[PDB]
Protein chains: 2
Amino acid sequence: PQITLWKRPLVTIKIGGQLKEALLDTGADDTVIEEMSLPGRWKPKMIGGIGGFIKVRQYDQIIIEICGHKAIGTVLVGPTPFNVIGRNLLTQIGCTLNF
Amino acid sequence: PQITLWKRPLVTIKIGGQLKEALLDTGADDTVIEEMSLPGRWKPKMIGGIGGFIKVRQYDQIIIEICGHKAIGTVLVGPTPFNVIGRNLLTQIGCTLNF
Ligand SMILES: Cc1c(O)cccc1C(=O)N[C@@H](Cc1ccccc1)[C@H](O)C(=O)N1CSC(C)(C)[C@H]1C(=O)NC(C)(C)C
């Protein structure tokens, strides 16, 4: 599809059997989701942006459904103010910036 | 043009006659740039990022060029990990997300 940027590009995603609203974010290297339960092992990580850093849990090979597109990748879980779909997953659904 | 997201969407911008590197950021509502000198009066502005809210200086109607595309709008100046070109300017250059 073609999403204009007049407003926040929010989309519904399916992850860990749950449905959530997430921001299609080209500025994010990683995909960060609010506290939730995920299968598999994990390791600590610190990520930083505007406002500083937060500690999150890195889970790998996590499947996510985005607007009908199934993508697999690393997902960081932690106290993020907003759920963001990063480049590691945007590439998998073939998302690009155009102008 | 069409920009893929395998690597950070870093582009060259021009503000105040100087060239700088910035990130095309669909997850940012505003354009935030590192400390620099801009003309005119500024207003206070609080923006919320991954690590919390921070105070920045808001300058309006600032002339800025993004990858050759001219734009004139609000630019926020403050402590940021990258100079980020947010939605307020991405829309001015007709940038959209596609997949
Ligand atoms: C700058 C800004 C505004 O002026 C207004 C609203 C949100 C943001 C903002 O920081 N947006 C963020 C995403 C976000 C929104 C709400 C809560 C948390 C995060 C972003 O587009 C991004 O990926 N950024 C901005 S700074 C960055 C380039 C390092 C990168 C980043 O934080 N990346 C990680 C999430 C991977 C840390």
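Reminder, nothing fancy here: chain letters follow the sequence lines and each chain counts from 1. Note: hydrogens, waters and symmetry copies are ignored here, and every other heavy atom, side chains too, is used.
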Proximity breakdown for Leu97(B) and chain A, heavy-atom pairs closer than 4.5 Å:
both
Do you know which of [options] has the most heavy-atom pairs under 4.5 Å to chain B?
{"options": "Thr26(A), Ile54(A), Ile3(A), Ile85(A)", "value": "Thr26(A)"}
{"options": "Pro9(A), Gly86(A), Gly51(A)", "value": "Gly51(A)"}
{"options": "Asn88(A), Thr80(A), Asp29(A), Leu23(A)", "value": "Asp29(A)"}

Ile93(A) versus chain B, heavy atoms under 4.5 Å apart: side chain, backbone, both or neither?
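Its backbone and side chain both get close to chain B.
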Same apolar cluster: [X] and [Y], side chain cutoff 4.5 Å:
{"X": "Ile15(A)", "Y": "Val11(A)", "value": "yes"}
{"X": "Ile64(A)", "Y": "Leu76(A)", "value": "no"}
{"X": "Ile13(B)", "Y": "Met36(B)", "value": "yes"}
{"X": "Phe53(A)", "Y": "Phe82(B)", "value": "no"}
{"X": "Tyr59(A)", "Y": "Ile63(A)", "value": "no"}

Would you say [X] and [Y] make side-chain contact, with heavy atoms under 4.5 Å?
{"X": "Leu90(A)", "Y": "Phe99(B)", "answer": "no"}
{"X": "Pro1(B)", "Y": "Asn98(A)", "answer": "no"}
{"X": "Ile50(A)", "Y": "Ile50(B)", "answer": "no"}

Working to the nearest 0.5 Å, report the span between CZ of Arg8(A) and CZ of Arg87(B).
6.5 Å
How far does CG of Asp25(B) sit from CG of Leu5(A), to the nearest 0.5 angstrom?
10.5 Å
For the candidates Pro81(B), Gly48(B), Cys67(B), which exhibits the highest count of non-hydrogen atom pairs separated by less than 4.5 Å from chain A?
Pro81(B)
What option among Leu24(B), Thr4(B), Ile47(B), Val84(B) has the most heavy-atom pairs under 4.5 Å with chain A?
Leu24(B)
Taking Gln2(A)'s backbone N and O only, do any of them form a donor-acceptor pair with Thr96(B)'s side chain (distance below 3.5 Å, no angle check)?
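No: the side chain of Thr96(B) does not pair with the backbone of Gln2(A).
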Counting heavy atoms not belonging to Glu35(A), are there more than 12 under 6.0 Å from its CD?
yes
